[PDB]
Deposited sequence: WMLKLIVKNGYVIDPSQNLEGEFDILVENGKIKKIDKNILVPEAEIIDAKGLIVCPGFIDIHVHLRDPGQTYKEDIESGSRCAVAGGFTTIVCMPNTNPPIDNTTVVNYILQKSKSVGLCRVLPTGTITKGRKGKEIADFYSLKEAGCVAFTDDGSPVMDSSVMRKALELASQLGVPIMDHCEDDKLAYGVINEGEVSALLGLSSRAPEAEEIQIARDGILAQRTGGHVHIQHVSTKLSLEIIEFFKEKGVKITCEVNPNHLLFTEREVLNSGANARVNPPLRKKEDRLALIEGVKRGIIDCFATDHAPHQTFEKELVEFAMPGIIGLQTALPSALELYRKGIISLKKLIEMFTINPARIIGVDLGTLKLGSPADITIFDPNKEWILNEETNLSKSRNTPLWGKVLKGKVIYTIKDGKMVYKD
């Protein structure tokens, strides 16, 4: 019983409030109490953030934790460690587990494990159809109760377009997004059209071409509730994506953390920041927009009240040094897996502290 914390001398950025400056942050009882220059109060621990950047906890809305089912490739505990070392305080896990997340029993398991491991907030998703088999519509009502924040069959074989349509009707009544993909243009246009028709929110999880981006942009100016994402690790035409980021058509970064233990792709959580900071060192995006795309943008997509430092919010805070050089290898790698071309290379930009609910959950 001794729990005020002050984060001092940092450079604070919070896009949601349009706050940027040399401020201090006072944290009382798990919540943000005050942002202001020059703070000192009795009975509080001081974190000295001189020379560091202080912003809302990162949120990643595209993670595979392989739990239950494949816990040798990765599991809730390792994933969680990976996420906080990566600056993430909330992650959304996909439902291609075994068994799949199509009933309250699995949802309930993932939350309980999550609370025990203690490190970051794990939000589950439910599948679109039972057993992800493709035929029948799952019970979106009960799965939303249990905690699911979105629905997706994660590749897939959807491709029956009437199913996809029932889903967006139901989703729309429930105020939760459907997540699709993992031919691309045909799919994306279909999704756009069904979204417009039903008024449901669809979120596209993979876009690889200029034409795909232009389609999304089109439906956006029509006021279609459609968003999309890109994995910053991928980014180093593979060149319209970079433009798509420049022009703000791509809403957020997400790693699509995909551990394997021998199409398929790559683990991500630990390198997302030093990867994305490459885009800033190239003047391609400002630092505020980079933080935006890890914080308030993904928060808005899954409709949770996070990714801000508004007074009263939960104290979810990432503190990072954008100039610190490190290497991902056995020494530093907190994944059970090592599948990433970035392995062994020199990264630039590292998280020094991650704070969740006013409590320090990672330290360098």
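Unmodelled regions (deposited sequence positions with no C-alpha coordinates, counted from 1) are 183 to 209, 264 to 286, 313 to 321.
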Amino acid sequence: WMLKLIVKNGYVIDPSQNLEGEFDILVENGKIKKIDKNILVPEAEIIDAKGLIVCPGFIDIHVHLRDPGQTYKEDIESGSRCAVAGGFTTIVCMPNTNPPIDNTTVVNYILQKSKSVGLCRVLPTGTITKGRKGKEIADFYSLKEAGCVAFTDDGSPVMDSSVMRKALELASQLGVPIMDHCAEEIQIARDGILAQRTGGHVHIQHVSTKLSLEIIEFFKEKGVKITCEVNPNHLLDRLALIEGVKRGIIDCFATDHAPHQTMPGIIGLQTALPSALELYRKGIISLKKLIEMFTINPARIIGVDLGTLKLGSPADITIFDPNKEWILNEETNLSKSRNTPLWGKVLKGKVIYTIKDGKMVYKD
From here on, numbers count along this sequence of modelled residues.
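For clarity, a rigid core is taken as the largest C-alpha set superposing within 1.5 Å between two forms.
Between stretches 155 to 163 and 115 to 123, greater average Cα displacement in 4 other deposited structures of this protein relative to the shown form, fitted by the core, falls on 155 to 163.
Superposing the other copies on the rigid core and comparing 237 to 245 to 172 to 180, farther C-alpha placement in 4 other deposited structures of this protein marks 237 to 245. Here 158 to 166 and 103 to 111 are compared by their mean Cα B-factor, and 158 to 166 comes out higher.
For the pair 144 to 152 and 131 to 139, the record assigns the higher mean C-alpha temperature factor to 131 to 139. Based on the entry's C-alpha B-factors, the most elevated value among 251, 256, 292, 237 belongs to 237. Looking at 171, 119, 272, 122, the one whose CA carries the top B-factor in the deposited record is 171.
Ranked by C-alpha B-factor against the other modelled residues of its chain, residue 30 falls in the highest third. Sorting the modelled residues of the chain by their CA temperature factor places residue 330 in the highest third. Residue 207: CA B factor in the highest third of modelled residues in this chain (values from the PDB entry).
In this PDB entry, the Cα temperature factor of residue 196 sits in the top third of its chain's modelled residues, the highest group. Residue 19: CA B factor lies in the middle third for its chain, per the PDB record.
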